[PDB]
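In: Experimental structure and sequence below.
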Amino acid sequence: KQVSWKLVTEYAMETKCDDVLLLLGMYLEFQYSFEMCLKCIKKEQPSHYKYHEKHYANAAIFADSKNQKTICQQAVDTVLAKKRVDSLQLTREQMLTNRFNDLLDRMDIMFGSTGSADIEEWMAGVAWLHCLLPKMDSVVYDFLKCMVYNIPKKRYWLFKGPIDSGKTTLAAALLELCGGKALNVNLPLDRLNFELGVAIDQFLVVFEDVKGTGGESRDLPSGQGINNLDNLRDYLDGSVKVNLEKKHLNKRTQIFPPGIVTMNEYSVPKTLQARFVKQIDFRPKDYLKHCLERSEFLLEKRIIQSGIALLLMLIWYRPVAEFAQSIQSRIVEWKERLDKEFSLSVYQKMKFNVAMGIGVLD
Amino acid sequence: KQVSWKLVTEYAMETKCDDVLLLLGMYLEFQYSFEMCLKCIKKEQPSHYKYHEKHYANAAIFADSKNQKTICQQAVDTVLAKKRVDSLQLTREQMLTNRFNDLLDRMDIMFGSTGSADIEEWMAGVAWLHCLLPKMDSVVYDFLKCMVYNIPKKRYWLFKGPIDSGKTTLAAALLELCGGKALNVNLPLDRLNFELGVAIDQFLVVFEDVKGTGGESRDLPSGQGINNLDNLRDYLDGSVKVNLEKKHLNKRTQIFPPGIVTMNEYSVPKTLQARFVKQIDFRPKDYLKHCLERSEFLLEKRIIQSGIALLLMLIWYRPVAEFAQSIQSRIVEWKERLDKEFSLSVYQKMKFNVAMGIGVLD
Amino acid sequence: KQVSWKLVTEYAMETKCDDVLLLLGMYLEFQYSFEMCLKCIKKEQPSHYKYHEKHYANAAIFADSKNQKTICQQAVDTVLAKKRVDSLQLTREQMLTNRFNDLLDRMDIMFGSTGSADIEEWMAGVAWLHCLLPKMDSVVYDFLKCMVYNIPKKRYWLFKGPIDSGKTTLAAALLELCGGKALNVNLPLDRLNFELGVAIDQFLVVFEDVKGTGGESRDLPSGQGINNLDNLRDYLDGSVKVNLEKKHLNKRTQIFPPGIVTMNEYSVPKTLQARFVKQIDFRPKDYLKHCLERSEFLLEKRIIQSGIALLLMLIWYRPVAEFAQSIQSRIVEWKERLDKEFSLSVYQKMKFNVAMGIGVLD
Amino acid sequence: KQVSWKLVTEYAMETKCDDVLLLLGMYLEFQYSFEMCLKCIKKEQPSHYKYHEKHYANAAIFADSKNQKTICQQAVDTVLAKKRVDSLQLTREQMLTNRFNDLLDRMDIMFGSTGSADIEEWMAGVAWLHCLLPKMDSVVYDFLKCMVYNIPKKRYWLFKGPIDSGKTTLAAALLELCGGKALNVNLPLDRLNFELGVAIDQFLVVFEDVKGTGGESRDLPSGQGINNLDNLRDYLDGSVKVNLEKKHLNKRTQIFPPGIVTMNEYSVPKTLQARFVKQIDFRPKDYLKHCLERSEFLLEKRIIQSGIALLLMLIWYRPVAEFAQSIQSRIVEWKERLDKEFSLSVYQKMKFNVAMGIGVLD
Amino acid sequence: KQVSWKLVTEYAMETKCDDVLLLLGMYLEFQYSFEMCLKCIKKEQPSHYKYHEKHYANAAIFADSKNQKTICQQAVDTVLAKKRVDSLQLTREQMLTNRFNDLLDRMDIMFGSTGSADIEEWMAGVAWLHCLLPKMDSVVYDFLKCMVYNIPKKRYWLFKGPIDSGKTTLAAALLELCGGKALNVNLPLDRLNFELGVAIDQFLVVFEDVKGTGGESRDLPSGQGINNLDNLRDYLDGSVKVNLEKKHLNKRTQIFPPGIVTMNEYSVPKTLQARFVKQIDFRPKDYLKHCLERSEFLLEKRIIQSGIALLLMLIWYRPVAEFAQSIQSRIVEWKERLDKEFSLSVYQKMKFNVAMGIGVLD
DNA sequence: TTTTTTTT
Ligand SMILES: Nc1ncnc2c1ncn2[C@@H]1O[C@H](COP(=O)(O)OP(=O)(O)OP(=O)(O)O)[C@@H](O)[C@H]1O
Ligand SMILES: Nc1ncnc2c1ncn2[C@@H]1O[C@H](COP(=O)(O)OP(=O)(O)OP(=O)(O)O)[C@@H](O)[C@H]1O
Ligand SMILES: Nc1ncnc2c1ncn2[C@@H]1O[C@H](COP(=O)(O)OP(=O)(O)OP(=O)(O)O)[C@@H](O)[C@H]1O
Ligand SMILES: Nc1ncnc2c1ncn2[C@@H]1O[C@H](COP(=O)(O)OP(=O)(O)OP(=O)(O)O)[C@@H](O)[C@H]1O
Ligand SMILES: Nc1ncnc2c1ncn2[C@@H]1O[C@H](COP(=O)(O)OP(=O)(O)OP(=O)(O)O)[C@@H](O)[C@H]1O
């Protein structure tokens, strides 16, 4: 009596499993009677307890199979195929819509019955970020627009200033909010090439700490990143398809994603300055350090650097119409939950404390 | 019963699907009821809704097979094999009739019953393009007819210029018309020594931001590309078929295609100048800016860099003589529409709006 | 009759074996008569003598199989798939309890009656360690927390002190305790690429004896590791994911582990100094050397380097509540076993002997 | 009722096809009815229409095969094995026989129906070259059979005479006639080894101007290269095998190819001239360059540079009995196919004009 | 009937044949009748003639098989599998005990009836080596024990002396006796990575002729090696695990083997001298030289190079009780053989002859 | 067979 490969593939679709080993490992767990399944009884992993009962019968047969890896290979290929179909057909708006659904699914789990996330801690993060710069949530919408529109030769925002001024914290939150990857340009010119190959089929990329020259003027270590980025003008323009690469692999050719670049305050040629649509300078604020010192759950749980903290900020501050028709359904049930559990007085007390440099919770 | 690999390959042929994962995914969609199919109901994707009903039955049999990737591989290979036999045996003129049939089949969709964009906008593009430089449209025909009739030096162009001067947009439009690839050769000798190999069965090639070591009198970003391209004489000359590099796949030796160099305003040795049909020496013009600033619909839709933007100009300016007889059936019939949809006052008014720096539309 | 692949997969899981040849070679041993198996009779290897009697029947048929390596490969994949599942789903604290349970299992054999250690010698090692620094056991707890919490920019401790002052000894013990890798960054920048690849999915890392520059007056040889560390800030900070690499294998994206830097008495740029959480100064002290030269079994058995000794220190010193919940049952039993076998007076006698520089035992 | 693997191999042998995708692509076309096959109707391509009618029956069965690429791989293997077996046996005349045919095949297209080569201006170059130096058809015939005989010590030619005396041009033209490559010597000795490796299995090789010391006062670039050359007594005299080397690969040994050294009016130690069959001195003579200045089409169409111009000279001067014994038939076809076009008188007309310095044609 | 894969695997185990091709070739020789087989008849190779008659029947079927290399692969895998088990499980004493059995098996053949060696001449080897240093036999026993215990710090021995003073001769015999590798550390610092890579999994290592600074003060050449050893302290002390690399392979980690260092009499940095357990001085001695002139058979048969000679010395000189217990039975038989073959009278005259510098034998 | 090594 044979294995249903169809049931296996369906699990890999429903749980969007990218890895043969991950798929293999988790399907094996279903061989034990879900009846007795300690993990299900303790509700610890949705990708398991949502499925164990349905897949149990098939898993017992799969446990005996001699073909196992081949069964998994066909499954993962199907998920990969689905991604390429999507990537070659979705609008960037629809792509962003899908990412928001993924994050909302995580939020529903985080604050769910399992409930491990304290939404009080998470909302403190929103206050801190809204405090960091003026008009914060409006600036986020402007970033989201230009990432969606992907307007050629107006594609990159420059984050600049002194150290410990939060630029990477915001960048990491933005990069979790979208999809994307960090990349490092501060490399010898031969090394860059498999490296920039990583950007294949990503939605954002972030370049870090790109080293200027003559920086000792500023007590900055001079280095390559800026002079390398000069040679990348074609990629930054996004004005025509570039070629990308991997080991043992042929190239793929595509427009290069949009993104963000971070800078200690080196000088830059204006020939390059022309190629950024916008620039933001970050500057230190004594009271924020005090606040974090009092409130280290903000750091220890990484809340301030999470895309989930940005998403909550947007849900709080933006109109419902700023979200696509499909997700407005879920935006509705989230806006109410925040309000139902943070009266404006609560958030005011928080945002007050942040500005005061007081420990946020009291 | 059992999968018809024949029907698979017929889909792959008729959709020209070169990609095994793309093909795998696309064909798997057909497993569901076409009579239900929401994509067919939307008429969302041509390469779906044309075919779903026909392949539905075969896809259900495919949906349970265990050979799935192997089935796709054979089918895809006939696509490549056809493409390569065709590449070898067809005249470059016949190739253009093929390429032009392709673009017409897209235009057939773009202004199909969906009216998915308004042709007024694309024609505002034609005005914004043709107005750029003397006799603009004619240059397209001259360039194209060089790309068929290959001759030494009479194979390559310099698009020299300053910042913000259209050369890239021109080039991008030309490539999206013709089919081909772009390249960077500011990148070093070894990278160049592989990347020259991109030319397999391509009709045309273009080069990007190519910087020469001089030009600090114009403070240019400066580099090796001048020396490299100068040194890349066989590829330039095309006087014999040359090796084209590949990784883990069959390399080949072919006539190196014709193409264009874009470069900034470097100093150039007169011998290095003595290599072309012609230089085109790009310059800025003021009205363009103000037009676009109003006409911002152009760029989210990427009209002015599209290939089909050119073809509308070409249709606009050229006599019916300027086309092959097989396409003349389509071309003439299609050329009718422009009068139905534009009195010439429209085009006049648009180009005047362009000239006056207004939003092109009124 | 036929081979049970399932029993092989069980054995691989039960022994947690990863190497296909180790698994193969092991399984083959069961083919001989269990009732005459000299290894079983001699009770030498538990991974043999627990299992031969059970597996014997299937091992005879395996010994005849024409397919032996494919059977083993599927079994190894099952074990590796478990590691993958764990790496994604477990918390850092859970990983640490798994490691502790494995070490506790290793301890239970060594100090079993069928074991081979002397618990008095292994306890003697603890006395030497608790003299090596002030409040040694508290420092271990504070370090363990630091690695479990993994707080960005607060992730690395610096060990410095003259040569022959125990820093490498202590790192090797913590490294065995947690699992991890040592790394050497006194390299040219190219090879350093693959060297940092070794960190992949490790819990800790230890950078070994990085070399500063200048200080021939310090009488330290100069090198370049510290200039390299100053580049690698991003890897220390753990703020954002980064891409690791292996020979002939694709780039792997993860956040980089927390860890330790060890260093002789070089000067350190304030930048790197600001980037370490804590600095521990080791010093050479005579009575340790004199005691150690009288207590050489401490060296001979590697007692002083080995993580088992640190775990024993925590069991002795720390409250039971400081251990994760489920292991408290086992930890309580070990505390009782230690108390059964050592008075406080024995431990006090040992520490006083160490202070006197006499041999620890008396 | 089954695919004959045999017939597929035959077609691969007759096409001498070395590519599995091409062979796949080609053979699939035979599946349609040969009876109406429009390529068979149009008769554009004999490599199709010769075969379709025979293969059609088998091609239908092939088009239904699920194994197609495997059939085709075996077919290409056969042709590669065939070429390898043959390649191990060649006389140098069989080499020259094979390498001749390429030019004829190309001419059969260049001046064929595609006809993009003007045979007149091509023959104008042939006439032009005739007066560069004495009796050049015999000079080349004497040179060339020496390259077949390859008799030790009797294998190398030296060009002398001042800048702009034509030696670079004629050398490169002969290199085109022959294949092979040229090499430098003007390097510190270690560099030479991999460059010498280029000679591996070349039919012929060349050496560029030797930067001869004993050129200083002559104001020629001057230094080691002549003394470097003097150290390679062995290779040139070509009695015995020698080692050769390449980047990233192990050594090989061969009898080094025969060849040419090309030089200006330097010094020469007798030690080196002792190694030569023939000195030739080159004179700049004004009617040559001034005719070219009056005939510069030769430069653009690369005519005099071309190896086909050299073979054309031989074809038109030399007696049929001198060419490769069987191919003489084909040579007579080409002679006839040219004789009808050009008399001695028109060729002599050209010769008069060049000798007078007048532009070649009238 | 069919190939028994088991009988092949049994041959591979008993010949300990590690290489698939060697296993393949060996087994095919059994095709022919052992009854006539000249290799059997002449007793040329025990790995043949001990086995031909048993394996003959299976070899006949093997020679018709179509799977031949597959059978060899699984057979060889069994051999490798046995090593991997043994490497991780055995004690250093058992490893040496196994190594002794192998050498004794050779001696059983070598001094057998077919045995081509003279036990008399090989006993001259023992006489010469027992002359080379005071208490030679005791030195060997202490060295071996030191390797077996592998006590950290106390791991390494230093040989010093003039050229042609014997240090390499003794290193070579020790290295054969134990198994191990010779390494060169006079390299530049970069290449050292792969050189140390050779130490992977060895039992001993020998470092060859490490050159010091400034030994030109007594005509010695000079180089890096001593400075490099002043780097690698932990490799010598052997307290801590270290990473090791091979070309194209990911690093592995282990304790670095114990071993020997050899040098001419440079000065030694006392940092390095503190590493070594013991220094042995080699000094040239005329009577050894003069005796060696008249005992050429020692050199010509490489007697004094070989581990076999040392094992004979240990058998003669050490008590039976002094070996690991499983070997002691064989020792008694070899003791009995040797005491029959020589009176103390004869042996002591030979030592006297070496002191005479006369030929050993009379 | 590339990529790693080797080349540099
Ligand atoms: N505006 C600010 N004023 C004061 N402290 C700040 C500010 N922004 C961030 N911080 C502190 O700086 C720490 C580091 O933040 P972050 O990494 O985002 O800074 P950065 O300037 O982007 O640094 P880098 O260039 O090193 O990546 C934060 O954890 C926070 O404690
Ligand atoms: N002729 C022009 N005059 C003024 N601005 C222009 C002109 N052509 C292009 N630009 C500006 O440059 C933008 C990018 O166009 P494009 O890439 O074609 O120009 P380019 O000269 O090739 O650019 P680059 O200097 O980056 O190579 C346009 O959207 C427009 O804003
Ligand atoms: N505090 C100490 N006082 C005296 N001797 C010490 C002390 N710590 C270590 N030792 C001695 O130093 C030896 C080497 O220890 P270890 O390798 O850990 O030292 P280290 O200073 O960290 O060395 P390195 O800097 O070379 O890594 C120990 O085996 C012991 O003999
Ligand atoms: N026989 C000739 N008579 C007159 N001019 C000549 C002759 N041959 C070559 N030229 C001139 O010499 C120029 C360079 O030709 P070529 O490189 O073949 O000569 P060369 O003697 O090898 O030169 P050089 O030693 O300077 O590199 C030609 O462009 C032409 O102007
Ligand atoms: N102690 C000795 N007295 C005299 N001659 C010796 C002595 N040892 C070796 N020889 C002679 O020197 C030759 C080389 O011996 P060996 O290679 O062991 O010397 P070495 O000093 O270790 O050399 P190297 O330092 O070059 O490795 C021997 O074959 C023998 O002829």
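Out: That came through fine. Numbering: from 1, shown residues only, chains lettered A, B, ... in the order given. Ligands and ions are numbered 1, 2, ... in the order given.
In: C-alpha from now on. contacts and neighbour counts both.
Out: OK.
In: Kindly indicate whether the residue nearest the centre of chain A is helix, strand or coil.
Out: The centroid of chain A falls nearest to residue A:176 when counting by C-alpha atoms, centre = their mean (1.8 Å). For residue A:176, the assignment made with DSSP: H, G, I helix; E, B strand; the rest coil gives helix.
In: again with the one 5 residues further on
Out: Under the three-state scheme (three-state DSSP), the conformation of residue A:181 reads as strand.
In: Now do the same contact list for it.
Out: Taking C-alpha atoms under 8 Å, 6 or more residues apart in numbering or on different chains, we find residue A:181 in contact with A:175, A:198, A:199, A:202, A:204, A:205, A:206.
In: Sort out for me which of the residues you listed are in strands.
Out: Members of the contacts of residue A:181 lying in strands (criterion: DSSP state E): A:204, A:205, A:206.
In: Mind telling me what element residue A:130 is part of?
Out: Using DSSP states H and E, residue A:130 falls within helix A:119-132.
In: ok, back up a step: quick one: which of the contacts of residue A:181 is nearest residue E:348?
Out: Nearest to residue E:348 out of the contacts of residue A:181 is residue A:198 (C-alpha to C-alpha; 76.7 Å).
In: And for that closest one, the neighbour number?
Out: 21 (other C-alpha atoms under 10 Å in any protein chain shown).
In: do the same with residue A:168
Out: A count of neighbours around residue A:168, defined by other C-alpha under 10 Å, yields 21.
In: Could you check the angle the helix or strand hosting it makes with helix A:119-132?
Out: Taking DSSP H and E as the definition, residue A:168 sits inside helix A:167-177. Counting by axes from the mean of the first three to the mean of the last three C-alpha atoms, to 10 degrees, helix A:167-177 lies at 120 degrees to helix A:119-132.
In: which of the residues in helix A:167-177 are buried?
Out: Using 16 or more other C-alpha atoms under 10 Å in any protein chain shown as the burial criterion, the residues of helix A:167-177 that qualify are A:167, A:168, A:169, A:170, A:171, A:172, A:173, A:174, A:175, A:176, A:177.
In: try stretch A:270-284
Out: A:275, A:276, A:282.
In: What lies in contact with it?
Out: A:153-162, A:164-167, A:230, A:236-237.
In: Not counting its neighbours along the chain, what's nearest residue A:288?
Out: Distances taken as C-alpha to C-alpha, 6 or more residues apart in numbering or on different chains put residue A:357 closest to residue A:288, at 6.0 Å, once the chain neighbours are dropped.
In: what's the one you found in contact with, if anything?
Out: A:286, A:287, A:288, A:289, A:290, A:291.
In: before we move on, what SS does the fifth one have?
Out: Judged by three-state DSSP, the three-state class of residue A:290 is helix.
In: Next to chain B, which bits of chain A? Give me the list.
Out: A:5-6, A:74, A:77-78, A:80-82, A:84-85, A:149-152, A:230-231, A:233-234, A:239-242, A:248-250 (C-alpha under 8 Å from any C-alpha of the partner chain).
In: Next, the residue of the stretch 201-350 of chain A found nearest ligand 2: secondary structure please.
Out: Proximity of the stretch 201-350 of chain A to ligand 2 (C-alpha to the nearest ligand atom) peaks at residue A:239, 6.8 Å away. Secondary structure state of residue A:239, per three-state DSSP, is coil.
In: Count the neighbours of the spatially closest residue to it that is not a sequence neighbour for me.
Out: Among residues not flanking residue A:239 along the chain, residue A:152 sits closest, at 5.6 Å (C-alpha to C-alpha, 6+ apart). Around residue A:152 there are 18 other residues, counting by other C-alpha under 10 Å.
In: Kindly report the same for residue A:83.
Out: For residue A:83, the count of nearby residues is 17 (other C-alpha under 10 Å).
In: Then the one 5 residues further on?
Out: By the measure other C-alpha under 10 Å, the count of residues near residue A:88 is 10.
In: what's the burial count for the nearest residue to the residue nearest to the centre of chain A once chain neighbours are set aside?
Out: Computed as C-alpha to C-alpha, 6+ apart, the closest residue to residue A:176 that is not its neighbour in sequence is residue A:307, at 4.7 Å. By the criterion of other C-alpha under 10 Å, residue A:307 has 20 neighbours.
In: Now do the same for residue A:159: helix, strand or coil?
Out: Quick answer, by three-state DSSP: residue A:159 is strand.
In: How much space separates the residue in the stretch 1-150 of chain A that chain E sits nearest to from residue A:9?
Out: Relative to chain E, the nearest point of the stretch 1-150 of chain A is residue A:66 (18.9 Å; C-alpha to the nearest C-alpha). Computed as C-alpha to C-alpha, to the nearest Å, the residue A:66 to residue A:9 distance reads 18 Å.
In: which residue ranges form the strands in the stretch 51-200 of chain A?
Out: A:156-161, A:180-183 (DSSP state E, counting those that start in this stretch).
In: buried ones in stretch A:200-208?
Out: In stretch A:200-208, counting by 16+ other C-alpha under 10 Å, buried: A:200, A:201, A:203, A:204, A:205, A:206, A:207, A:208.
In: Grab the two from those that are most spread out in space.
Out: Largest separation among the buried residues of stretch A:200-208 by C-alpha to C-alpha: A:201 and A:208, giving 19.7 Å.
In: then the helix holding residue A:130 to PDB, C-alphas only?
Out: Extracted in PDB, the C-alpha atoms of helix A:119-132 (Å, rounded to 0.1, in the frame of the first residue of the first chain):
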ATOM      1  CA  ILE A 119       1.900  43.300  23.500                       C
ATOM      2  CA  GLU A 120       2.700  45.900  26.200                       C
ATOM      3  CA  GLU A 121       6.400  45.300  25.600                       C
ATOM      4  CA  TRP A 122       5.900  45.400  21.800                       C
ATOM      5  CA  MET A 123       3.900  48.700  21.900                       C
ATOM      6  CA  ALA A 124       6.700  50.300  23.900                       C
ATOM      7  CA  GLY A 125       8.800  49.600  20.900                       C
ATOM      8  CA  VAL A 126       6.400  51.500  18.700                       C
ATOM      9  CA  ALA A 127       6.700  54.600  20.900                       C
ATOM     10  CA  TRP A 128      10.500  54.500  20.900                       C
ATOM     11  CA  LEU A 129      10.600  54.400  17.100                       C
ATOM     12  CA  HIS A 130       7.900  57.000  16.600                       C
ATOM     13  CA  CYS A 131      10.100  59.200  18.900                       C
ATOM     14  CA  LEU A 132      13.300  58.500  17.000                       C
END
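In: re the thing from before, ligand 1: which of the buried residues of stretch A:200-208 is nearest?
Out: Nearest member of the buried residues of stretch A:200-208 to ligand 1, counting by C-alpha to the nearest ligand atom, is residue A:208, at 7.6 Å.
In: Do I have it right that the closest one meets residue A:261?
Out: Yes. If you go by C-alpha atoms under 8 Å, residue A:208 and residue A:261 touch, sitting 6.0 Å apart.
In: Now do the residue of the stretch 251-362 of chain A found nearest chain D against residue D:69, distance only.
Out: Per C-alpha to the nearest C-alpha, residue A:251 is where the stretch 251-362 of chain A lies closest to chain D, at 19.6 Å. Separation of residue A:251 from residue D:69 (C-alpha to C-alpha) stands at 24 Å.
In: now swap in residue A:53 and tell me
Out: 44 Å.
In: which one of these two has more residues nearby?
Out: Taking neighbours as other C-alpha under 10 Å, residue A:53 and residue D:69 compare with residue D:69 leading, 18 against 15.
In: count of neighbours near residue A:359?
Out: 17.
In: Oops, could you answer that again for residue A:113 instead?
Out: 9.
In: Next up, phi/psi of it, please.
Out: phi -60, psi -50 (degrees, to the nearest 10).
In: List the residues that contact it.
Out: Contacts of residue A:113 (C-alpha under 8 Å, 6+ apart): none.
In: re earlier: burial check on the residue of the stretch 1-150 of chain A closest to chain E, number of neighbours?
Out: If you count neighbours by other C-alpha under 10 Å, residue A:66 ends up with 14.
In: Would you mind measuring from it to residue D:263?
Out: Applying C-alpha to C-alpha, the value for residue A:66 to residue D:263 is 72 Å.
In: Please name the spatially closest residue to residue A:313 (chain neighbours excluded).
Out: Nearest to residue A:313 is residue A:126, by C-alpha to C-alpha, 6+ apart, at 5.4 Å.
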